[PDB]
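Trainee: Quick one: the structure is below, questions incoming.
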Amino acid sequence: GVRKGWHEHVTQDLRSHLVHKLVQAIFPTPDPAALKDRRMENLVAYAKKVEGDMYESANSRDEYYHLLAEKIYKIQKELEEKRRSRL
Amino acid sequence: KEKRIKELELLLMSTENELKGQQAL
Amino acid sequence: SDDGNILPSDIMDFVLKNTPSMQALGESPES
């Protein structure tokens, strides 16, 4: 028996845009040229690996989103006060 | 900190509504 | 419960370098 029965609700468009939106909060970049630089490919590959691990860690689409958004919350709001507190 | 927290939490979970909606239910 | 990492060192260093902010000066007490 396996509780996972939610993969059929997902789309390739959702997968693509959620990987993209993961990257936007993992590192917002200094300027839009920094999204195109070769070092951002490491950030992008890390975001792809995280997306797949959070997907595999979930028995529902809601739990998958919750796991994505909690790790996004950590990565964004930890650095926003450890490195950007003065805003 | 609250507006940007709800903003971050919503920013991901809105994507399925942006791409394929919820009017089917 | 646990407190394990989520941000590998190679990717961490790239986000750590870019996200800070700084200031500068060059005054003197001389007259």
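Trainee: How many residues does region A:1-60 hold that are within 14 Å of chain C (Cβ to nearest Cβ) and acidic (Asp, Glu)?
Mentor: So the answer is 5.
Trainee: Now for a different question. From the residues in chain B that are in a loop (DSSP other than H, G, I, E, B) and not hydroxyl-bearing (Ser, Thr, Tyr), which one is surrounded by the most Cβ atoms within 10 Å (Cβ to Cβ)?
Mentor: Among them, the one singled out is B:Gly21.
Trainee: Another question, then. Can you name the residue in region C:9-29 that is closer than 17 Å to A:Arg38 by Cα and of a type in the set (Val, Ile, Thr) and is also surrounded by the fewest Cβ atoms within 10 Å (Cβ to Cβ) among such residues?
Mentor: C:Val15
Trainee: Kindly provide the set of residues from region A:29-80 that are closer than 17 Å to A:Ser16 by Cα and in contact (Cβ under 8 Å) with a residue 40 or more places away in the chain, ordered by number.
Mentor: Residues satisfying the conditions are A:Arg61, A:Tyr64, A:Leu68, A:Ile72.
Trainee: For a quick check of your reading of the model, give me the residue pairs whose first member lies in region C:20-31 and is under 24 Å from A:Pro28 (Cβ atoms), whose second is assigned to a loop (DSSP other than H, G, I, E, B) and among the β-branched types (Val, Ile, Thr), with beta-carbon atoms closer than 7 Å and at least 6 apart or on different chains.
Mentor: So the pair list comes out empty.
Results for (1) surrounded by fewer than 18 Cβ atoms within 10 Å (Cβ to Cβ); (2) not basic (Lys, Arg), shown as yes or no for each residue.
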| residue | (1), (2) |
| --- | --- |
| A:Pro32 | yes, yes |
| A:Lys36 | yes, no |
| A:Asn42 | yes, yes |
| A:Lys48 | yes, no |
| A:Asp53 | yes, yes |
| A:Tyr65 | no, yes |
| A:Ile75 | no, yes |
| A:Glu81 | yes, yes |
| A:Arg86 | yes, no |
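Read the figures in this text as sums done on the coordinates, not as results from a lab. All Cβ positions, even for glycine, are placed from backbone atoms using ideal geometry, and neighbour counts span all protein chains on display.
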